[PDB]
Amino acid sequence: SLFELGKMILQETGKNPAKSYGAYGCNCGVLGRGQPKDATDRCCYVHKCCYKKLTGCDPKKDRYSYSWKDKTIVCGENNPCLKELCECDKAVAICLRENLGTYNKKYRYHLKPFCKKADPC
């Protein structure tokens, strides 16, 4: 769910998840996808394409188990859908941290309705 996703992003990046990524670019946080603005945005692009296959559970609302072990996100044992969900979230958290170097605050509260349509996943 959003709780686990936010904790992952915080653990990896060290930044307030909602504040930095809740409305970043055309892809991060709320709503769907758009053409990515930068690398950080593209993380969330891959993120939401990863969600697409999870038709068996709710990426926003369904809780799952994971642990923070030796500064590594370790997805606990779940059902297939929740396990993949956890992996989706882990991947975007890592990706967001990897791309902090080009994080641009002008995208932080990006006006998403004016984003160009995204390619099919």
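When you see a residue number, it is the position in the sequence shown, counting from 1. If you superpose the two forms and keep the largest set of C-alpha atoms that fall within 1.5 Å, you have the rigid core.
Greatest C-alpha divergence in 4 other deposited structures of this protein once each structure is fitted on the rigid core, 44-52 or 74-82: Greater root mean square C-alpha distance in 4 other deposited structures of this protein: 74-82.
Of 25-33 and 88-96, which departs more from this form in 4 other deposited structures of this protein by CA RMS after core fitting: Farther on average in 4 other deposited structures of this protein: 25-33.
Averaging C-alpha B-factors over each stretch, which comes out higher, 6-14 or 107-115? Averaging CA B-factors over each stretch, the winner is 107-115.
Comparing 52-60 with 87-95, which stretch shows the greater average C-alpha B-factor in the deposited entry? Higher mean C-alpha B-factor in the PDB entry: 52-60.
Among 78, 40, 27, 67, single out the one with the highest C-alpha B factor in the record, please. Going by the entry's C-alpha B-factors, 78 comes out highest.
So where's residue 31 on the chain's Cα temperature factor ranking, which third? It falls in the top third of the chain.
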